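Before any questions on how it binds or moves, here is one chain, the form deposited without the partner chain, in structure tokens.
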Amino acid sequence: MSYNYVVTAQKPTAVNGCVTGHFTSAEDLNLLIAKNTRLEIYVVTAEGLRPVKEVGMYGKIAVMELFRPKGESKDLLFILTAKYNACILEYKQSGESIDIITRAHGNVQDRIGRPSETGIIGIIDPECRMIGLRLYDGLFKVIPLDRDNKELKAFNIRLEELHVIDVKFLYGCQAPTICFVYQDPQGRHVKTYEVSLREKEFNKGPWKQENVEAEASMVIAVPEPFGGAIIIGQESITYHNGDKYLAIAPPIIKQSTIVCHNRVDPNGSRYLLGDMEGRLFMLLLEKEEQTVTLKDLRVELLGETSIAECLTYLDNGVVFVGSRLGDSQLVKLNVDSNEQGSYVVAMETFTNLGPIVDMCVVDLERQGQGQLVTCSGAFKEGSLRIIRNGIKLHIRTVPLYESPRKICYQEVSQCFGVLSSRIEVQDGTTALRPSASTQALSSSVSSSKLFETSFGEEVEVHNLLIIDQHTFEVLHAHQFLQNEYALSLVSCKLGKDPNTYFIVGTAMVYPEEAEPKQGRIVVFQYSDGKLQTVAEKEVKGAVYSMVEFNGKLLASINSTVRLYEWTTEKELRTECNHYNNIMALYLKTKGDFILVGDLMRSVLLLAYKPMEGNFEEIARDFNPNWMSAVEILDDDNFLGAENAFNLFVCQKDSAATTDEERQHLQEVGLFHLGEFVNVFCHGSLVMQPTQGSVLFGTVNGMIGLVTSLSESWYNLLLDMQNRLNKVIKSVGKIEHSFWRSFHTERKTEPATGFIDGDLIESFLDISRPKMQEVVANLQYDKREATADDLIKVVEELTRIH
């Protein structure tokens, strides 16, 4: 009963996987990068990366491995998607035509099983005898890598260790041995098994079971002639091989967890390691011949990069650093350190807009074309991103070196108000690095009468930053009270006051209290380059959200919705209250309607009654599920994002006979987006068929657009989707309907009420014979639809973003 259209204005930019090998040809050195649903294949050259291809997958790439079974001249690519679609693909080039062949594919889902705590694990035997998957606790799935197994038919082997933390395939074994670190009440142990395909079962591992560090997390399968494995934990790096045992406890790696690694040398003599704070180390394996055996382990701090999700060493000291929290990097490892003792020098930076935690659409140049200003990144990678359509999407970066959380725009003062957070070590606290909040032109610290420790303890300092819209310099930085957490920010006029204010909601958060018991609503005015605290109100809870409601202020305090009026004395006077029994995390408004939402999808819809001066529960829809954002498309339709990365639409249908149906929001649209939407925002990026425009920003840095379609256009485009799915060859042979089906966990239903804009737009990139196949016996305005009419329709659709 709803008709919506979703397009990707910006493709996902966060990197969640990178591999190196020989995929395009036996001689080329290829780098493969996974950006959620995109796969980018580059050829590594002395001049950097040469993009060879980019492919769209109908899934979230969770596993991506390259292997070369005996008889193959190039590497084959094994990919598993978050919905458990497995595929072995090959790279075929005919003249100038590039196409990723699908050598084999299947779905390795099990109808039963709890998804593992540590997520999906996918490994391949060094001899390419099989693929080992860890998807559910207590089971180990084996896919024999026999060329006859074109359906990727796997079998399970029971694991006696339910809490497996990591697992790898060992080198130099006559049988496909696995070494894995797991946990039990007695601590963490490294254990080895010997997989048998003939018997489809485990066998006693080569060496033995052994006890490891309490925080052992990472397993590295060292190649020949070393063999064995390296276990990396919080404080120690150990090497186990048969009876041989080695250990080191370097103090450099003790201030951050090592999360990613990569083998530098083919013989395993060098490894790259990366911590959670952007430090890049080198691990060196000193070998001595007696047969070659390991002599010692040494760790060196190569330098500092962007906070790395994955690392891969390409060649000639060049390393690609794929990051989720910041721009990906191409850096070079120098032989000798520079003046600051860093061996790492950045060569290239690849843009990454994710995570987008908030954004606002503003017409800075006032040409009638909006620009999207987003709070992207986290920690030292935090920044503002100004995105505008070019004459294809020009992006400007404003580094902040601290996490930006909320953003709003003030036309009168020509500035943005940005809530930001910086981590400070409780030394009495000191900043880790210079950041926007500390280097502001002028600054102030909250001073309100209202309201243990350790050296290594970390605390969050929250600031309101006034940033010029032209130079994007930090004009002002106001620091909030200690332990105060700034949650909401609006800029608006109130009452008869002709001034425009920045209004901030904050909660007093202490580690002792489970939920905040007191909080603040602060009203600042930015005038003549000064930020003055015009008013201050104490409330008994956390002000989770705030909105200007028809000249008044509508705030959400814990589980209450409070409407304040702005009296002549410039103070907030409570006009009315409403109690919902749910924490009003999301608070949207349209006209006199208020949408109140909870983290568990408990949606309700209130209406303000001016004559009665009170709220009334117009409608309600409670359904246990995690919810990340909501928006009001129009008076009736409400759009939200929920678990398993899917959009949903709820409809009120006030013209219902029975009062039960008048108080129910029937879900009228579901669509597996594949992205975790963080923020919704009404606006458009094109100069001002479809109605409305709601941009949304997600965790992977993707920006999408949702608009409303008429029933006729929705039916036509649904028909077009059905036509195309039979014509377009999906990579990995994943069905589009399965990809876009609502997912959750073991509970999937087909998507409805949503037109996949990307699939429609792909109609323009197919050969004319394919277009003719797609357009056949179709009805267009009835009449006999022709290829050119659909080309015109798709071209019109492409202009909304």
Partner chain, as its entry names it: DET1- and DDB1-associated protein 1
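Numbering follows the first chain given and starts at 1. Heads up, when I say rigid core I mean the largest set of C-alphas that superpose within 1.5 Å between the two forms.
Unshown form solved in complex with the partner chain; subsequent notes refer to it.
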Exercise. Have a look at 491 to 499, 198 to 206, 531 to 539, 243 to 251 and name the one stretch with heavy atoms inside 4.5 Å of the partner chain in the deposited complex.
Key: 198 to 206
Quiz item: Exactly one of 445, 347, 686, 292 has a non-hydrogen atom within 4.5 Å of the partner chain in the deposited complex; which residue is it?
Solution: 347
Exercise. Identify which of 334, 567, 414, 722 has a heavy atom within 4.5 Å of the partner chain in the deposited complex; exactly one of them does.
Key: 334
Exercise. Report yes if any heavy atom of residue 613 sits within 4.5 Å of a heavy atom of the partner chain in the deposited complex; otherwise report no.
Key: no
Quiz item: residue 270: heavy atom within 4.5 Å of the partner chain in the deposited complex?
Solution: yes
Quiz item: Heavy atom to heavy atom, is residue 739 within 4.5 Å of the partner chain in the deposited complex?
Solution: no
Quiz item: At the 4.5 Å heavy atom threshold, is residue 469 in contact with the partner chain in the deposited complex?
Solution: no
Self-check item: the partner chain in the deposited complex - contacting residues of 717 to 732, heavy atom within 4.5 Å
Solution: 727, 728, 729, 731
Practice problem: Compare C-alpha positions between the shown form and the other one after fitting on the rigid core and state which of 114, 590, 573, 682 moves by at least 2 angstroms. | Solution: 573
Self-check item: Rigid core superposed: residue 655 CA moves 2 Å or more between the shown form and the other one
Solution: yes
Practice problem: Compare the position of the CA of residue 628 between the shown form and the other one after a rigid core fit and state whether the shift reaches 2 Å. | Solution: no
Quiz item: Core-aligned, does residue 152 move its Cα 2 Å or more between the shown form and the other one?
Solution: yes
